[PDB]
Amino acid sequence: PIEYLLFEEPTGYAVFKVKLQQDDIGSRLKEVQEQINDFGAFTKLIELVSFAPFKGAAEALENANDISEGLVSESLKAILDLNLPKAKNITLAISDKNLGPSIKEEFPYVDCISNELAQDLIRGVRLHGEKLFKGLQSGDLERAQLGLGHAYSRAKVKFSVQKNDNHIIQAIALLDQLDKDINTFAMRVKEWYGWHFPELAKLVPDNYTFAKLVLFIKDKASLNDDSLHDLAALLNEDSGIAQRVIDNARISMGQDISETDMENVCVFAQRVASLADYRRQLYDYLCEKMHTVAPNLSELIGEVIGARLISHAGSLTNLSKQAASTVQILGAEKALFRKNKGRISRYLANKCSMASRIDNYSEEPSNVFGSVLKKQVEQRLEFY
Amino acid sequence: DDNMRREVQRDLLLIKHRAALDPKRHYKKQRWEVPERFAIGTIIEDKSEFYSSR
Amino acid sequence: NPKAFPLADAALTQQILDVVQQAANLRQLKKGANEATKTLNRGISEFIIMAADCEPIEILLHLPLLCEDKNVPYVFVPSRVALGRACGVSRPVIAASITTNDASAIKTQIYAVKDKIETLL
Amino acid sequence: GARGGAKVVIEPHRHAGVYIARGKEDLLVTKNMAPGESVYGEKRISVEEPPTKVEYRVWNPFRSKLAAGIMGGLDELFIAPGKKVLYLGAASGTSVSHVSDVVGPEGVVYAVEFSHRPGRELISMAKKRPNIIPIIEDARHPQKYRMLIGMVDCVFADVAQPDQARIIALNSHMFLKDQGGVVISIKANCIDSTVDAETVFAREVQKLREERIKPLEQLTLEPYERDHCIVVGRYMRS
Amino acid sequence: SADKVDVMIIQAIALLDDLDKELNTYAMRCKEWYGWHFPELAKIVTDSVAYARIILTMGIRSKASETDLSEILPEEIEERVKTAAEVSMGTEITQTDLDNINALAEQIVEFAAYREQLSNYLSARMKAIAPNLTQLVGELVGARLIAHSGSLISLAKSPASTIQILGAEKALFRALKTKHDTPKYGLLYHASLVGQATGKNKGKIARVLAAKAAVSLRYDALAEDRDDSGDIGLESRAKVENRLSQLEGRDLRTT
Amino acid sequence: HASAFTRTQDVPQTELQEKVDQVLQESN
RNA sequence: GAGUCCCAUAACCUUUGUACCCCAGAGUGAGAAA
RNA sequence: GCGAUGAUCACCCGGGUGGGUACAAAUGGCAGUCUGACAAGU
């Protein structure tokens with residue numbers, strides 16, 4: 001007595017019309033069951049009659065929920081209204097019994113079915129999937145299922161980017177990478193310009209300064225009192241390097257390199273300057289995120305140190321998980337926490353573990369507890 | 001690869017004759033034949049296991 | 001809805017606070033959070049008791065994660081002051097663990113509360 | 001034993017997607033969907049192959065009941081590369097990630113969990129593994145998450161509930177293809193502690209039979225765990 | 001003369017090989033970091049520079065639907081990323097996370113911008129310090145040849161036998177001690193002429209090319225008044241091409 | 001059979017249908 | 001005639017310089033002070 | 001005016017040796033830069 005079948009897709013809602021009714025008495029016969037597997041037989045039973053794809057990602061989740069709590073969405077109401085005739089009562093087959101009463105309320109003239117016969121067809125519809133859509137645009141169900149999957153899940157758990165801490169792990173890995181590469185290039189700039197003016201590399205040991213100074217002094221021959229004041233403005237004259245570079249540039253040993261060579265020194269020196277500037281920018285980005293992600297842990301030990309501990313555990317969830325002893329050895333390879341000295345390290349390790357659990361497991365952690373815990377550590381520090 | 005390295009060949013011998021190396025270690029009776037396909041691995045430890053298993 | 005969940009009713013705390021005492025006498029009790037953490041890693045706990053008035057409460061909520069991962073029952077008692085007194089230690093205890101031993105003299109009532117706690121969950 | 005500096009010989013196991021690392025200790029091993037880290041701190045192996053560095057993960061039989069199951073010598077494992085897998089009771093990525101390794105990129109694992117707190121780890125873990133679909137929902141009501149699930153070659157259940165068999169049935173009736181795989185892990189203590197462990201296993205086999213599930217095989221999980229068994233059965237809709 | 005110093009050569013190649021590396025390392029960091037917001041990009045677009053340019057053009061996936069990626073990607077690929085955008089799987093990100101990732105993508109494109117600049121400059125140095133070599137073997141091979149020796153003179157002082165097998169000492173000395181066949185291509189395998197050859201002829205042209213590589217090189221190194229024209233290399237190139245043509249003209253298979 | 005061309009609800013399902021029909025009763 | 005395809009653009013060892021460490025490690029689990 | 005929100009717990013003569021982890025350099029070691037007159041067509 002079934003005529004219409006309601007099915008739901010991640011892309012949208014699909015309605016089917018039952019052309020032929022399978023034998024109900026012999027439902028459990030192998031021969032009827034084999035037909036459900038067989039596409040050719042199944043197409044004789046039903047035919048796809050409607051499909052209305054969801055407008056976007058947001059609608060699918062809203063309907064995905066509304067199906068979950070056994071509710072009818074506006075989208076579902078529109079489709080059923082257009083397809084189901086008013087009619088004694090048209091019979092609709094549905095997977096969920098809970099959706100039954102909801103459908104009956106909105107449409108008094110429809111009778112829902114969720115018996116094994118309905119389940120048997122619903123299984124066949126889901127078995128063949130897009131093959132029954134007869135070329136209609138239903139995208140790819142497997143990916144759309146993936147599209148809705150965590151989307152449905154994270155919603156119930158109320159997952160948010162705020163709890164996300166991977167940004168910290170990426171930042172630390174990048175920051176150390178930047179520091180190594182800034183150093184490696186800056187040395188090459190020293191070698192490159194060292195040929196043209198070796199003494200200057202000795203004068204300004206600070207590599208970042210040296211790149212800036214080389215950018216101004218591209219040619220050591222160019223020496224003017226005004227230029228001396230300019231390079232004097234760079235850093236300070238307390239070291240006296242401003243006078244030394246003028247005197248050294250006058251009497252220095254470096255063989256003059258080509259204009260193309262000097263072009264690259266400043267260009268390469270420009271590259272080192274940008275990375276250090278970005279590294280400073282990323283360092284600040286790390287600093288604020290800890291105050292947002294782990295206000296307690298950062299406030300106890302520090303933003304950078306706390307980040308390194310989290311990276312060692314692999315996630316803030318991992319760090320909160322480990323026992324106090326494990327946390328102590330977690331940063332025992334770089335002396336993050338560092339006989340009386342060892343006692344404080346063990347003491348601090350517990351309070352670091354004390355805090356990590358607070359931050360991870362609080363949706364919006366505060367720093368009120370982090371402050372007092374450090375004050376507790378400070379009292380211990382004075383006592384020992 | 002054909003013409004396998006001597007060191008790989010020696011290692012395979014050790015696993016096959018694994019029973020005899022340690023007096024206090026004993027193993028299930030087994031007939032070990034060199035696989036048609038395999039790889040050699042270096043095993044990397046966790047940081048927390050620095051003292052225990054490194 | 002609260003992070004403290006489930007919380008045993010006044011009667012149940014009494015039987016839970018009962019079992020812990022004999023476990024303390026029988027050396028079958030581990031007292032304090034970090035010990036309770038360790039037992040879960042070794043998988044040697046029937047169940048673990050926590051105080052709902054822990055200051056702050058977020059500190060002991062990692063213990064729930066372990067158990068449900070390890071399919072261990074857990075429950076919260078209203079007072080850490082009361083829990084520590086039953087534990088036999090002169091200081092408040094926020095978390096405690098009953099160690100696994102099918103050879104305990106107090107096996108029967110442990111499985112008794114272990115049934116009620118499961119029903120509570 | 002399996003200490004860092006030592007080397008191992010990695011070889012295929014009888015089951016596809018399962019590998020054995022030989023040496024002074026024989027380790028059951030699989031390749032990493034996500035090289036460079038461990039899901040639960042597990043022991044990892046690195047191989048240089050032409051040179052790209054492929055990575056291998058160890059299964060702990062004690063932690064993963066399936067790994068203990070494979071170890072006892074199950075005749076058949078439906079879990080295989082290029083197969084759709086639905087994992088019930090996915091507490092975390094401790095075992096689901098291991099299953100995710102076997103199916104490979106081509107297949108997927110539909111992980112099902114009820115409690116929210118472990119899910120957060122599962123969601124994080126399912127991100128790094130594109131082939132893992134976590135569905136945080138009660139398995140008792142598959143209708144709630146029929147939306148997200150297609151055909152499944154094999155259904156695995158480690159749900160430690162008295163009511164598992166009905167849960168398996170509703171999922172298997174709804175998601176498992178005919179002649180599909182069923183792999184159930186049973187805890188006697190959870191089901192009925194009053195009676196011996198043995199009787200429970202016989203009872204549960206019966207509940208599978210009336211649900212049109214044909215039991216193929218039985219394994220008990222000692223020495224790794226007590227009062228545990230894995231049932232392997234085939235879903236005969238006919 | 002400042003335009004005829006080989007120490008500039010050995011540094012630039014070392015820098016070039018370096019620059020390839022980190023730009024790769026940053027590329028994975030961008031792919032993983034931005035992969036959180038939109039994991040499906042990496043499978044679609046593999047090029048790091050094209051990958052990075054996308055994040056510059058589109059900051060968020062909502063912006064992806066309407067943004068035009070024609071200049072970066074072809075028509076087929078650009079719609080794939082658009083379709084992936086709405087069925088994307090990554091989470092939304094804050095503007096703060098957006099800003100630095102964009103700045104990171106700015107570094108990626110800039111490094112490619114400089115990397116080609118160094119490549120052009122290195123080629124300029126190749127054609128000025130050892131021109132005759134370049135016409136014969138090339139710029140990119142020619143830079144590494146001198147770098148392996150450490151100086152133009154040192155490589156020039158070497159015989160042709162070493163030049164062909166300068167880059168396979170490991171296989172060489174191992175083969176010599178183990179009574180096994182020796183390498184026949186070494187570093188010179190990547191020259192264009194060797195690529196043109198096939199089969200056993202690759203070994204032939206390697207020997208012939210190396211002999212002329214010495215001829216072109218040792219003119220460049222020891223010339224008092226070399227014209228920066230590369231003529232000797234050009235005639236040397238023609239000889240090898242003629243050698244290749246007749247060598248390839250052979251048919252081992254009987255007619 | 002259900003047809004889009006003739007309204008099958010017998011009451012105005014969409015709030016638009018509420019607003020328009022109000023004017024039609026108002027108009028004439 | 002002749003291994004690019006096991007990074008001689010490299011691995012490992014020695015020496016040297018810089019910064020940390022010598023407490024146990026799945027660390028232990030109820031004493032301490034008087 | 002305490003504590004389970006955690007008490008307690010390698011060598012030689014204050015010094016020198018010894019060892020471990022991470023980074024950088026060595027024109028320090030392994031480590032020694034293949035052969036040499038035929039080849040090809042009718």
# chains A, B, ... in the order shown; residues from 1 in each chain; ligands from 1
call {"tool": "interface_residues", "arguments": {"of": "chain E", "to": "chain H", "cutoff": "9 Å", "atoms": "only C-alpha atoms (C1' of nucleotides)", "output": "ChimeraX atom specification"}}
result
/E:161-162,165-166,169,172-173,176,182-184
call {"tool": "residues_around", "arguments": {"residues": "residue 32 in chain E", "least_positions_apart": "6", "cutoff": "9 Å", "atoms": "only C-alpha atoms (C1' of nucleotides)", "output": "list in words"}}
result
residues 170 of chain A; 39 and 42 of chain E
call {"tool": "write_last_selection", "arguments": {"atoms": "N, CA and C atoms", "output": "PDB file, in the first residue's frame"}}
result
ATOM      1  N   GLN A 170      52.308  25.371  15.218  1.00  0.00           N
ATOM      2  CA  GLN A 170      52.830  25.862  13.946  1.00  0.00           C
ATOM      3  C   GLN A 170      53.707  27.089  14.155  1.00  0.00           C
TER       4      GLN A 170
ATOM      5  N   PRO E  39      41.574  22.218   3.709  1.00  0.00           N
ATOM      6  CA  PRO E  39      42.575  21.162   3.471  1.00  0.00           C
ATOM      7  C   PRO E  39      42.660  20.681   2.031  1.00  0.00           C
ATOM      8  N   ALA E  42      45.754  21.361  -1.395  1.00  0.00           N
ATOM      9  CA  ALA E  42      47.043  20.757  -1.721  1.00  0.00           C
ATOM     10  C   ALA E  42      46.910  19.708  -2.816  1.00  0.00           C
TER      11      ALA E  42
END
call {"tool": "interface_residues", "arguments": {"of": "chain G", "to": "chain B", "cutoff": "12 Å", "atoms": "only C-alpha atoms (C1' of nucleotides)", "output": "PDB file with N, CA and C atoms (P, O5', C5', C4', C3', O3' and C1' of nucleotides), in the first residue's frame"}}
result
ATOM      1  P     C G   6      70.758   4.432  -5.886  1.00  0.00           P
ATOM      2  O5'   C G   6      71.312   5.155  -4.576  1.00  0.00           O
ATOM      3  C5'   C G   6      70.434   5.518  -3.515  1.00  0.00           C
ATOM      4  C4'   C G   6      71.120   5.449  -2.175  1.00  0.00           C
ATOM      5  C3'   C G   6      72.388   6.298  -2.051  1.00  0.00           C
ATOM      6  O3'   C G   6      72.496   6.813  -0.727  1.00  0.00           O
ATOM      7  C1'   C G   6      72.907   4.037  -1.639  1.00  0.00           C
ATOM      8  P     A G  24      69.342  10.562  38.119  1.00  0.00           P
ATOM      9  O5'   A G  24      68.367   9.374  38.527  1.00  0.00           O
ATOM     10  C5'   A G  24      68.673   8.524  39.627  1.00  0.00           C
ATOM     11  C4'   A G  24      67.428   7.895  40.194  1.00  0.00           C
ATOM     12  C3'   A G  24      66.430   7.406  39.146  1.00  0.00           C
ATOM     13  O3'   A G  24      65.788   6.215  39.596  1.00  0.00           O
ATOM     14  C1'   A G  24      65.394   9.013  40.528  1.00  0.00           C
ATOM     15  P     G G  25      65.369   5.084  38.534  1.00  0.00           P
ATOM     16  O5'   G G  25      64.104   5.712  37.797  1.00  0.00           O
ATOM     17  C5'   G G  25      63.912   5.540  36.398  1.00  0.00           C
ATOM     18  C4'   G G  25      62.546   6.012  35.964  1.00  0.00           C
ATOM     19  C3'   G G  25      62.311   6.024  34.454  1.00  0.00           C
ATOM     20  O3'   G G  25      60.955   5.677  34.169  1.00  0.00           O
ATOM     21  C1'   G G  25      62.049   8.212  35.314  1.00  0.00           C
ATOM     22  P     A G  26      60.583   4.174  33.737  1.00  0.00           P
ATOM     23  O5'   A G  26      59.147   4.309  33.061  1.00  0.00           O
ATOM     24  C5'   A G  26      58.909   5.273  32.043  1.00  0.00           C
ATOM     25  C4'   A G  26      57.690   6.111  32.342  1.00  0.00           C
ATOM     26  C3'   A G  26      57.540   6.535  33.802  1.00  0.00           C
ATOM     27  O3'   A G  26      56.970   7.840  33.873  1.00  0.00           O
ATOM     28  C1'   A G  26      55.649   5.284  33.148  1.00  0.00           C
ATOM     29  P     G G  27      57.914   9.110  34.140  1.00  0.00           P
ATOM     30  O5'   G G  27      58.744   8.701  35.437  1.00  0.00           O
ATOM     31  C5'   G G  27      58.085   8.276  36.619  1.00  0.00           C
ATOM     32  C4'   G G  27      59.009   7.496  37.520  1.00  0.00           C
ATOM     33  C3'   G G  27      58.444   7.141  38.887  1.00  0.00           C
ATOM     34  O3'   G G  27      57.659   5.962  38.849  1.00  0.00           O
ATOM     35  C1'   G G  27      60.618   8.055  39.131  1.00  0.00           C
TER      36        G G  27
END
call {"tool": "residues_around", "arguments": {"residues": "range 111-120 of chain C", "least_positions_apart": "4", "cutoff": "9 Å", "atoms": "only C-alpha atoms (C1' of nucleotides)", "output": "NGL selection string"}}
result
:C and (6-8 or 12 or 15-16 or 19 or 46-47 or 73-75 or 107)
call {"tool": "closest_atom_pairs", "arguments": {"of": "chain A", "to": "chain B", "cutoff": "12 Å", "atoms": "only C-alpha atoms", "output": "tab-separated table"}}
result
residue	atom	partner	partner_atom	distance
A:309	CA	B:47	CA	11.3
A:311	CA	B:47	CA	10.9
A:312	CA	B:47	CA	7.4
A:313	CA	B:48	CA	8.3
A:314	CA	B:47	CA	10.4
A:318	CA	B:48	CA	11.7
A:319	CA	B:48	CA	11.3
A:322	CA	B:48	CA	10.2
A:323	CA	B:48	CA	11.6
A:325	CA	B:48	CA	10.4
A:326	CA	B:48	CA	7.0
A:327	CA	B:48	CA	8.6
A:328	CA	B:48	CA	9.6
A:329	CA	B:48	CA	6.6
A:330	CA	B:48	CA	5.6
A:331	CA	B:48	CA	8.9
A:332	CA	B:48	CA	9.3
A:333	CA	B:47	CA	8.5
A:334	CA	B:47	CA	11.3
call {"tool": "select_by_dssp", "arguments": {"residues": "range 156-366 of chain A", "states": "alpha helix (DSSP H)", "output": "ChimeraX atom specification"}}
result
/A:156-157,166-196,198-203,207-216,225-233,241-250,259-293,295-301,303-313,316-321,324-330,340-361
call {"tool": "write_last_selection", "arguments": {"atoms": "C-alpha atoms", "output": "compact mmCIF listing (two decimals), in the first residue's frame"}}
result
# COMPACT_ATOMS: atom_id res chain seq x y z
CA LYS A 156 26.95 19.47 19.30
CA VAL A 157 30.29 19.56 21.14
CA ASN A 166 47.59 23.92 16.67
CA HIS A 167 48.27 27.55 15.75
CA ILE A 168 50.73 27.62 18.64
CA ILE A 169 52.54 24.49 17.48
CA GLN A 170 52.83 25.86 13.95
CA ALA A 171 54.05 29.22 15.25
CA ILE A 172 56.86 27.69 17.32
CA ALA A 173 58.02 25.47 14.46
CA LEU A 174 58.01 28.46 12.11
CA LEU A 175 59.68 30.80 14.60
CA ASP A 176 62.69 28.54 15.19
CA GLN A 177 62.85 27.89 11.44
CA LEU A 178 62.89 31.65 10.83
CA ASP A 179 65.66 32.15 13.40
CA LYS A 180 67.86 29.50 11.78
CA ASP A 181 67.30 30.86 8.27
CA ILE A 182 67.74 34.48 9.35
CA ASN A 183 71.09 33.49 10.85
CA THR A 184 72.16 31.36 7.89
CA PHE A 185 71.44 34.08 5.32
CA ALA A 186 72.88 36.84 7.49
CA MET A 187 76.18 34.97 7.60
CA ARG A 188 76.14 34.68 3.80
CA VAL A 189 75.57 38.44 3.58
CA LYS A 190 78.66 38.85 5.77
CA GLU A 191 80.72 36.65 3.44
CA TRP A 192 79.32 38.39 0.36
CA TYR A 193 80.10 41.88 1.68
CA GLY A 194 83.15 40.61 3.57
CA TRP A 195 85.07 40.41 0.30
CA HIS A 196 84.29 44.03 -0.52
CA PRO A 198 86.10 42.60 5.41
CA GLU A 199 86.87 44.91 8.34
CA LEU A 200 83.27 46.15 8.60
CA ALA A 201 82.04 42.62 9.36
CA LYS A 202 84.25 42.78 12.45
CA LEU A 203 83.04 46.27 13.40
CA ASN A 207 74.12 40.56 12.01
CA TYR A 208 70.79 42.40 11.78
CA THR A 209 72.59 45.72 12.18
CA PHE A 210 75.20 44.63 9.64
CA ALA A 211 72.56 44.04 6.97
CA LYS A 212 71.10 47.50 7.59
CA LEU A 213 74.53 49.15 7.57
CA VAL A 214 75.55 47.32 4.38
CA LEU A 215 72.29 48.51 2.82
CA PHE A 216 73.40 52.10 3.43
CA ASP A 225 80.57 63.66 6.74
CA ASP A 226 76.82 63.71 6.13
CA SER A 227 76.95 59.99 5.36
CA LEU A 228 78.95 59.55 8.57
CA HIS A 229 76.13 61.21 10.51
CA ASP A 230 73.58 58.98 8.76
CA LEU A 231 75.41 55.77 9.67
CA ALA A 232 76.02 57.37 13.06
CA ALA A 233 72.23 57.66 13.38
CA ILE A 241 81.87 52.24 14.92
CA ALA A 242 80.61 55.26 12.98
CA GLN A 243 84.08 56.81 13.03
CA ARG A 244 85.81 53.44 12.61
CA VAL A 245 83.92 52.51 9.44
CA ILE A 246 84.88 55.82 7.83
CA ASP A 247 88.53 55.36 8.81
CA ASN A 248 88.46 51.65 7.99
CA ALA A 249 86.66 52.24 4.68
CA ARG A 250 89.43 54.70 3.79
CA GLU A 259 77.69 46.35 -9.49
CA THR A 260 75.69 43.17 -10.07
CA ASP A 261 77.40 41.67 -7.02
CA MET A 262 76.58 44.70 -4.86
CA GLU A 263 73.00 44.60 -6.14
CA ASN A 264 72.56 41.12 -4.68
CA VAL A 265 74.19 41.96 -1.34
CA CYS A 266 71.61 44.65 -0.62
CA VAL A 267 68.83 42.57 -2.18
CA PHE A 268 69.84 39.53 -0.12
CA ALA A 269 70.34 41.80 2.90
CA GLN A 270 66.84 43.10 2.19
CA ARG A 271 65.57 39.52 2.35
CA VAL A 272 67.19 38.95 5.74
CA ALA A 273 65.62 42.19 6.97
CA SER A 274 62.12 41.11 5.94
CA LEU A 275 62.32 37.72 7.64
CA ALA A 276 63.51 39.20 10.93
CA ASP A 277 60.69 41.73 10.71
CA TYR A 278 58.22 38.91 10.03
CA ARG A 279 59.79 36.78 12.76
CA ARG A 280 59.17 39.64 15.19
CA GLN A 281 55.60 39.89 13.90
CA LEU A 282 54.99 36.15 14.30
CA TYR A 283 56.55 36.23 17.77
CA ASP A 284 53.98 38.83 18.82
CA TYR A 285 51.21 36.75 17.24
CA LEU A 286 52.38 33.84 19.38
CA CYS A 287 52.40 36.02 22.50
CA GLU A 288 48.75 37.08 22.22
CA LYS A 289 47.48 33.61 21.32
CA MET A 290 48.84 32.07 24.52
CA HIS A 291 47.03 34.73 26.54
CA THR A 292 43.90 33.67 24.66
CA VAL A 293 44.52 29.91 24.52
CA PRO A 295 46.34 32.36 29.92
CA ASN A 296 47.30 30.39 33.03
CA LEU A 297 50.23 28.43 31.60
CA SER A 298 51.65 31.47 29.80
CA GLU A 299 51.21 33.64 32.89
CA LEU A 300 53.04 31.10 35.06
CA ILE A 301 56.15 30.29 33.02
CA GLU A 303 54.48 32.59 26.47
CA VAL A 304 57.43 31.14 24.56
CA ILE A 305 58.32 28.55 27.20
CA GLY A 306 54.70 27.44 27.52
CA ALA A 307 54.48 27.06 23.75
CA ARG A 308 57.52 24.79 23.69
CA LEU A 309 56.04 22.55 26.38
CA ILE A 310 52.76 22.28 24.47
CA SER A 311 54.64 21.39 21.29
CA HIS A 312 56.58 18.72 23.18
CA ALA A 313 53.36 17.09 24.37
CA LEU A 316 47.53 21.06 25.04
CA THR A 317 45.19 18.11 25.60
CA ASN A 318 48.22 15.83 25.84
CA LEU A 319 49.99 18.14 28.29
CA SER A 320 46.96 18.33 30.58
CA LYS A 321 46.76 14.54 30.36
CA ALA A 324 53.27 15.67 37.08
CA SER A 325 56.40 13.53 36.78
CA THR A 326 56.01 13.15 33.02
CA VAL A 327 55.57 16.91 32.60
CA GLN A 328 58.83 17.52 34.47
CA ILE A 329 60.82 15.32 32.08
CA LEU A 330 58.89 16.72 29.11
CA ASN A 340 67.53 22.62 46.08
CA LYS A 341 67.37 23.78 42.47
CA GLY A 342 65.88 20.46 41.39
CA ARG A 343 63.19 20.73 44.05
CA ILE A 344 61.92 24.00 42.57
CA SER A 345 61.88 22.48 39.09
CA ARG A 346 59.79 19.57 40.34
CA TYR A 347 57.69 22.04 42.32
CA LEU A 348 57.19 24.25 39.27
CA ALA A 349 56.43 21.23 37.08
CA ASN A 350 53.36 20.37 39.15
CA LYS A 351 52.07 23.95 38.99
CA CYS A 352 52.65 24.00 35.24
CA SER A 353 50.65 20.78 35.12
CA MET A 354 48.24 22.45 37.55
CA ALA A 355 47.60 25.19 34.99
CA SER A 356 47.52 23.27 31.70
CA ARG A 357 44.47 21.31 32.84
CA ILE A 358 42.73 24.59 33.71
CA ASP A 359 43.34 26.20 30.32
CA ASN A 360 42.56 23.21 28.11
CA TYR A 361 39.36 22.23 29.91
call {"tool": "residues_around", "arguments": {"residues": "residue 42 in chain B", "least_positions_apart": "4", "cutoff": "10 Å", "atoms": "only C-alpha atoms (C1' of nucleotides)", "output": "short mmCIF file (atom, residue, chain, number, x, y, z; two decimals) with C-alpha atoms, in the first residue's frame"}}
result
data_model
loop_
_atom_site.label_atom_id
_atom_site.label_comp_id
_atom_site.auth_asym_id
_atom_site.auth_seq_id
_atom_site.Cartn_x
_atom_site.Cartn_y
_atom_site.Cartn_z
CA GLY D 4 65.31 3.40 19.60
CA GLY D 5 68.69 2.65 18.04
CA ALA D 6 67.72 -0.89 17.04
CA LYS D 7 66.62 -1.84 13.52
CA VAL D 8 63.75 -4.08 12.39
CA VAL D 9 62.69 -5.95 9.26
CA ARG D 44 56.72 4.31 15.34
CA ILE D 45 59.10 2.96 12.71
CA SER D 46 60.75 4.83 9.81
CA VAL D 47 61.88 3.26 6.52
CA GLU D 48 63.80 4.93 3.69
CA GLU D 55 56.63 5.76 8.29
#
call {"tool": "closest_atom_pairs", "arguments": {"of": "chain D", "to": "chain G", "cutoff": "12 Å", "atoms": "only C-alpha atoms (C1' of nucleotides)", "output": "tab-separated table"}}
result
residue	atom	partner	partner_atom	distance
D:48	CA	G:6	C1'	10.6
D:49	CA	G:6	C1'	10.8
D:50	CA	G:5	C1'	9.7
D:51	CA	G:7	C1'	8.9
D:52	CA	G:7	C1'	12.0
call {"tool": "write_last_selection", "arguments": {"atoms": "N, CA and C atoms", "output": "short mmCIF file (atom, residue, chain, number, x, y, z; two decimals), in the first residue's frame"}}
result
data_model
loop_
_atom_site.label_atom_id
_atom_site.label_comp_id
_atom_site.auth_asym_id
_atom_site.auth_seq_id
_atom_site.Cartn_x
_atom_site.Cartn_y
_atom_site.Cartn_z
N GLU D 48 63.40 4.15 4.86
CA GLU D 48 63.80 4.93 3.69
C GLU D 48 63.56 4.08 2.44
N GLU D 49 62.63 4.51 1.59
CA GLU D 49 62.32 3.82 0.35
C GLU D 49 62.51 4.78 -0.82
N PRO D 50 63.04 4.32 -1.97
CA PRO D 50 63.20 5.24 -3.10
C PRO D 50 61.89 5.49 -3.85
N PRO D 51 65.37 9.75 -1.60
CA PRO D 51 64.49 8.66 -1.17
C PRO D 51 63.45 9.09 -0.14
N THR D 52 62.18 8.84 -0.43
CA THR D 52 61.11 9.21 0.49
C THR D 52 61.21 8.40 1.78
#
call {"tool": "interface_residues", "arguments": {"of": "chain H", "to": "chain C", "cutoff": "10 Å", "atoms": "only C-alpha atoms (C1' of nucleotides)", "output": "VMD selection string"}}
result
chain H and resid 3 to 6
call {"tool": "interface_residues", "arguments": {"of": "chain G", "to": "chain E", "cutoff": "6 Å", "atoms": "only C-alpha atoms (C1' of nucleotides)", "output": "number ranges by chain"}}
result
G: 2-4, 8
call {"tool": "write_last_selection", "arguments": {"atoms": "N, CA, C and O atoms (P, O5', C5', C4', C3', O3' and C1' of nucleotides)", "output": "PDB file, in the first residue's frame"}}
result
ATOM      1  P     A G   2      80.462  -1.575 -21.737  1.00  0.00           P
ATOM      2  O5'   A G   2      80.837  -0.806 -20.394  1.00  0.00           O
ATOM      3  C5'   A G   2      81.406  -1.494 -19.291  1.00  0.00           C
ATOM      4  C4'   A G   2      81.774  -0.537 -18.188  1.00  0.00           C
ATOM      5  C3'   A G   2      80.663   0.403 -17.742  1.00  0.00           C
ATOM      6  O3'   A G   2      79.803  -0.201 -16.790  1.00  0.00           O
ATOM      7  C1'   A G   2      82.644   1.639 -18.127  1.00  0.00           C
ATOM      8  P     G G   3      78.230   0.130 -16.762  1.00  0.00           P
ATOM      9  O5'   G G   3      78.074   1.187 -15.578  1.00  0.00           O
ATOM     10  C5'   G G   3      78.019   0.774 -14.215  1.00  0.00           C
ATOM     11  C4'   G G   3      76.924   1.493 -13.466  1.00  0.00           C
ATOM     12  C3'   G G   3      77.122   3.002 -13.318  1.00  0.00           C
ATOM     13  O3'   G G   3      75.864   3.673 -13.394  1.00  0.00           O
ATOM     14  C1'   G G   3      76.942   2.021 -11.182  1.00  0.00           C
ATOM     15  P     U G   4      75.766   5.157 -14.009  1.00  0.00           P
ATOM     16  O5'   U G   4      75.444   6.081 -12.750  1.00  0.00           O
ATOM     17  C5'   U G   4      76.325   7.127 -12.361  1.00  0.00           C
ATOM     18  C4'   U G   4      75.583   8.272 -11.717  1.00  0.00           C
ATOM     19  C3'   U G   4      74.532   7.885 -10.688  1.00  0.00           C
ATOM     20  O3'   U G   4      75.086   7.630  -9.410  1.00  0.00           O
ATOM     21  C1'   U G   4      73.624   9.471 -12.189  1.00  0.00           C
ATOM     22  P     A G   8      76.877  11.302  -2.399  1.00  0.00           P
ATOM     23  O5'   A G   8      77.922  12.476  -2.662  1.00  0.00           O
ATOM     24  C5'   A G   8      77.800  13.726  -1.990  1.00  0.00           C
ATOM     25  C4'   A G   8      79.116  14.466  -1.933  1.00  0.00           C
ATOM     26  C3'   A G   8      79.707  14.844  -3.289  1.00  0.00           C
ATOM     27  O3'   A G   8      80.355  16.113  -3.212  1.00  0.00           O
ATOM     28  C1'   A G   8      81.220  13.437  -2.122  1.00  0.00           C
TER      29        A G   8
END
